[PDB]
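Shown next as structure tokens: one chain only, the form deposited in one PDB entry.
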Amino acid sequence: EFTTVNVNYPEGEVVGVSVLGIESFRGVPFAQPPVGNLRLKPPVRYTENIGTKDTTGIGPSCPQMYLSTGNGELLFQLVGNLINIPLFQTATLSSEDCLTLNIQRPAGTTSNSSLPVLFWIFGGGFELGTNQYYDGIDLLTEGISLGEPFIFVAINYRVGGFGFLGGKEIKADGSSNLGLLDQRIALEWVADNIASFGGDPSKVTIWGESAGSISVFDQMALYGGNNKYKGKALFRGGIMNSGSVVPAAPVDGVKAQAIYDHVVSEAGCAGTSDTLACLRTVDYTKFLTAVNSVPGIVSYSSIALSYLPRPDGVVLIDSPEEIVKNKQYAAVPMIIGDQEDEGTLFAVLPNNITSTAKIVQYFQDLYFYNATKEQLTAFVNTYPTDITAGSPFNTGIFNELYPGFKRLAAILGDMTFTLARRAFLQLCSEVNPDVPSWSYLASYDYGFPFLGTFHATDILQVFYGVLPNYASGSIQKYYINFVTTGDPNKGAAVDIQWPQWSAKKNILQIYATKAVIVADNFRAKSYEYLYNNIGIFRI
């Protein structure tokens, strides 16, 4: 029940597969393979035709730092069933030769079509992940069925030490934040070539979850908020699922230099004249071992990440909170939301962090090098020790995995995602009052034991078809409405108007079988501290 289909475009030709009404091209190379003397260097566009490429398979993935299985034993039991969510899946066909994207479109789409584009950036803690497990067929089919067809694009970008390695050596070589540059260059590729595929390059909406979501903000922030390529905006809209501003110390800071020095040592490049140059001569396997030898996300250190975007003064010019405050990001219409219990997943492992003093130490040692004990204690004291006050929110005496679990999960979730979001909306509304934004809180997994509506459960609600509930149809319709009209309420009919955030500072709360509108003001004292002292929270 299928056929192949060729697209000829300015850089080459691809063969894709048409099945179930969707034409898919997986593994379209968008930049030169970052190998040899191009490992730990910015991506560079192809300078000549790549001939005819077979894109009927699944593409490659970038090198991975897979979740610790010895460490996550309990965590992976607690998610049970939902272990089949992409974040927990294992990437296949991994390689340094991974700078490729996937293009999926309605059958019938030709180069005379000009459909809106939806550009997807995966999450994975900046250390793992791939576009392989995010297929557009169900979502495209939904789009088509709403009378609102579009084109789906999903990219790989380098992660871990391959993409976010730092230090003074990386900074001087101009090789900071390669993963971000990978995302950016794919946007410019899209700008050059998507018309050949039937996309309208002036109608690009970027979309991400977790690390991908944070990346979406960074793409707005990139180059002082210059998202223009050849005179034109690279995108017109953003959707942020769990994550935005991540205040951070410089790429040549202490944390990053320590990672770097450790990597050099484990690579066997210690004490050479030019360490960074030497890193590129190391075999792939010895190198992969080096960059993976540092702490992962499933570990005691948890969301004190080893790899992430850090200010370099060119790509990211300042720490993210300052970029907004200085009105130096590309201000586009945006949707941003959180799962209700963002922190739960990350509070599972550190099961000895069981009191205020212990939370504060943990933070002082691993997280915030610029906060004082009095400051951290003051912030932690905005969170009651009472078992009913924590995350999974609104579950009373239940879900206390260990003494202090719900409190720590509340804190971890709030500062990284949920309250950081409100801060972001607040600031954006202050410098760019005219740029509209919409925000939701997700609660459709209320009751999930110990985890509640936890990080990445939204994936299940938008990538796997329209589920037999309220939430998935609701969410997909808003998203597709947005991609099409720049406003989630405009397009296909909706049964509740989603309020613009800046109007009354209300958000949409989405349950499994209904939606309600609520004030974005819960945990106000915690939020006030965070907003008033955001500088001290630089990771």
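The first residue of the shown sequence is 1; numbering continues from there. C-alpha atoms forming the largest set that superposes within 1.5 Å between two forms make up the rigid core.
A second form of this protein, the form deposited in another entry, is not displayed here; the remarks below concern that form.
Rigid-core fit between this form and the one not shown: of 362, 300, 446, 76, the one residue whose Cα shifts 2 angstroms or more is 76.
Once you line up the core between this form and the one not shown, the Cα of residue 89 ends up 2 Å or more from where it was. Core-superposed comparison between this form and the one not shown: the C-alpha position of residue 463 differs by no less than 2 Å.
Once the rigid core is used as the reference frame, the Cα position of residue 28 differs between this form and the one not shown by less than 2 Å. Between residue 71 and residue 295, the Cα distance is smaller in that other deposited form than in this structure, by no less than 3 angstroms. Note: the CA-CA distance for residue 403 and residue 70 expands in that other deposited form relative to this form, by 3 angstroms or more.
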